[PDB]
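This is data_20.cif (mmCIF, C-alpha atoms).
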```cif
data_my_file
#
loop_
_atom_site.group_PDB
_atom_site.id
_atom_site.type_symbol
_atom_site.label_atom_id
_atom_site.label_comp_id
_atom_site.auth_asym_id
_atom_site.auth_seq_id
_atom_site.Cartn_x
_atom_site.Cartn_y
_atom_site.Cartn_z
ATOM 1 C CA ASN A 1337 -22.919 -93.248 69.664
ATOM 2 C CA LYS A 1338 -23.380 -96.264 67.393
ATOM 3 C CA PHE A 1339 -21.188 -98.874 69.103
ATOM 4 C CA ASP A 1340 -20.033 -99.715 72.638
ATOM 5 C CA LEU A 1341 -16.679 -101.413 72.071
ATOM 6 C CA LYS A 1342 -14.658 -102.598 75.084
ATOM 7 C CA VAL A 1343 -11.075 -103.912 75.038
ATOM 8 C CA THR A 1344 -9.149 -105.724 77.777
ATOM 9 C CA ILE A 1345 -5.721 -107.361 78.039
ATOM 10 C CA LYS A 1346 -4.712 -109.866 80.710
ATOM 11 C CA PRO A 1347 -1.619 -111.928 81.561
ATOM 12 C CA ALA A 1348 -2.061 -115.652 80.934
ATOM 13 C CA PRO A 1349 -0.297 -118.125 83.295
ATOM 14 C CA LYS A 1359 7.275 -114.686 75.799
ATOM 15 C CA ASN A 1360 4.562 -113.382 78.116
ATOM 16 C CA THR A 1361 1.743 -114.770 75.912
ATOM 17 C CA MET A 1362 -1.064 -112.514 77.090
ATOM 18 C CA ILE A 1363 -4.778 -112.840 76.275
ATOM 19 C CA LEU A 1364 -6.792 -110.118 74.524
ATOM 20 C CA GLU A 1365 -10.588 -109.885 74.720
ATOM 21 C CA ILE A 1366 -12.787 -107.358 72.901
ATOM 22 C CA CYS A 1367 -16.574 -107.186 73.218
ATOM 23 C CA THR A 1368 -19.014 -104.985 71.314
ATOM 24 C CA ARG A 1369 -22.717 -104.180 71.087
ATOM 25 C CA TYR A 1370 -24.948 -102.053 68.872
ATOM 26 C CA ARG A 1371 -26.969 -99.000 69.905
ATOM 27 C CA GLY A 1372 -30.329 -98.822 68.156
ATOM 28 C CA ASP A 1373 -33.343 -101.021 67.425
ATOM 29 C CA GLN A 1374 -32.454 -103.367 64.528
ATOM 30 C CA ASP A 1375 -29.555 -105.716 63.892
ATOM 31 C CA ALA A 1376 -26.793 -104.109 61.853
ATOM 32 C CA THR A 1377 -25.477 -105.300 58.497
ATOM 33 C CA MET A 1378 -21.951 -106.571 57.846
ATOM 34 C CA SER A 1379 -19.300 -104.671 59.798
ATOM 35 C CA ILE A 1380 -15.520 -104.294 59.719
ATOM 36 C CA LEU A 1381 -13.106 -104.685 62.644
ATOM 37 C CA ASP A 1382 -9.419 -103.702 62.604
ATOM 38 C CA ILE A 1383 -6.780 -104.653 65.180
ATOM 39 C CA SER A 1384 -3.243 -103.267 65.465
ATOM 40 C CA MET A 1385 -1.006 -104.881 68.076
ATOM 41 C CA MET A 1386 1.918 -103.584 70.105
ATOM 42 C CA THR A 1387 5.519 -103.816 68.948
#
```
As C-alpha coordinates, the full file:
Amino acid sequence: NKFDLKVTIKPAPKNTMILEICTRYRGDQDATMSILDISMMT
(Lines of atoms letter the chains of each structure in order from A and count residues from 1; the text may use other names and numbers.)
(Lines give C-alpha, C1' and ligand atoms only; values in the text may rest on other atoms or scores of the structure.)
Protein backbone atom coordinates (compact mmCIF):
# COMPACT_ATOMS: atom_id res chain seq x y z
CA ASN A 1 0.00 0.00 0.00
CA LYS A 2 2.78 2.45 0.85
CA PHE A 3 4.44 2.97 -2.55
CA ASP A 4 3.41 2.94 -6.22
CA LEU A 5 6.61 1.92 -8.00
CA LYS A 6 6.59 1.54 -11.80
CA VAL A 7 9.39 0.10 -13.96
CA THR A 8 9.82 0.24 -17.74
CA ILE A 9 12.52 -0.85 -20.19
CA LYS A 10 12.86 0.42 -23.75
CA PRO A 11 15.25 -0.11 -26.68
CA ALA A 12 17.43 2.92 -27.42
CA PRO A 13 18.37 3.64 -31.07
CA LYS A 14 25.35 -4.28 -27.35
CA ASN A 15 21.67 -3.33 -27.41
CA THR A 16 22.17 -0.49 -24.88
CA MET A 17 18.60 -0.22 -23.62
CA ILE A 18 17.16 2.49 -21.35
CA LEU A 19 15.57 1.77 -17.96
CA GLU A 20 13.16 4.17 -16.25
CA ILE A 21 11.61 3.71 -12.79
CA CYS A 22 9.16 6.15 -11.20
CA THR A 23 7.71 6.10 -7.69
CA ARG A 24 5.29 7.99 -5.46
CA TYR A 25 4.19 7.84 -1.83
CA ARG A 26 0.72 6.98 -0.52
CA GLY A 27 -0.24 9.05 2.51
CA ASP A 28 -0.30 12.67 3.66
CA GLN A 29 3.27 13.70 4.63
CA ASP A 30 6.60 13.45 2.86
CA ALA A 31 8.53 10.33 3.81
CA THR A 32 11.98 10.19 5.39
CA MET A 33 15.09 8.73 3.76
CA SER A 34 14.37 5.62 1.70
CA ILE A 35 16.37 2.79 0.14
CA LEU A 36 16.18 1.56 -3.47
CA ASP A 37 17.77 -1.65 -4.79
CA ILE A 38 18.24 -2.62 -8.44
CA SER A 39 19.32 -6.02 -9.79
CA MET A 40 19.90 -6.23 -13.54
CA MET A 41 19.62 -9.08 -16.02
CA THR A 42 22.50 -11.38 -16.88
Next item on the list: Spell out the residues picked by the PyMOL selection byres ((chain A and resi 1364-1366) around 7) here, as a list in words.
Entry: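 When the PyMOL selection byres ((chain A and resi 1364-1366) around 7) is applied to the shown file, the picked residues are residues 1342, 1343, 1344, 1345, 1346, 1362, 1363, 1367 and 1368 of chain A.
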Note to self: Env of residue 1376 of chain A: 12 Å cut, atoms = all atoms listed in the file, seq-sep filter 6 positions within chain, self excluded. Answer as a PyMOL selection string.
What the structure shows: chain A and resi 1338-1339+1369-1370
Resulting file, chosen residues, C-alpha atoms, as a PDB file, in the coordinates of the input:
```pdb
ATOM      1  CA  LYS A1338     -23.380 -96.264  67.393  1.00  0.00           C
ATOM      2  CA  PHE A1339     -21.188 -98.874  69.103  1.00  0.00           C
ATOM      3  CA  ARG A1369     -22.717-104.180  71.087  1.00  0.00           C
ATOM      4  CA  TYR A1370     -24.948-102.053  68.872  1.00  0.00           C
TER       5      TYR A1370
END
```
Check: So how many Å separate atom CA of residue 1349 of chain A and atom CA of residue 1381 of chain A, to one decimal?
Finding: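 Taking atom CA of residue 1349 of chain A and atom CA of residue 1381 of chain A, their separation equals 27.8 Å.
Between atom CA of residue 1361 of chain A and atom CA of residue 1340 of chain A the interatomic distance comes to 26.7 Å.
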Check: How many Å lie between atom CA of residue 1337 of chain A and atom CA of residue 1372 of chain A, rounded to one decimal?
Finding: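 Pair atom CA of residue 1337 of chain A / atom CA of residue 1372 of chain A returns 9.4 Å.
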The centre and edge lengths of an axis-aligned box containing all atoms of segment 1362-1372 of chain A present in the file, extended by 5 Å on each side, are to be given in Å to one decimal, as lines of an AutoDock Vina configuration file.
```
center_x = -15.7
center_y = -105.8
center_z = 72.6
size_x = 39.3
size_y = 24.0
size_z = 18.9
```
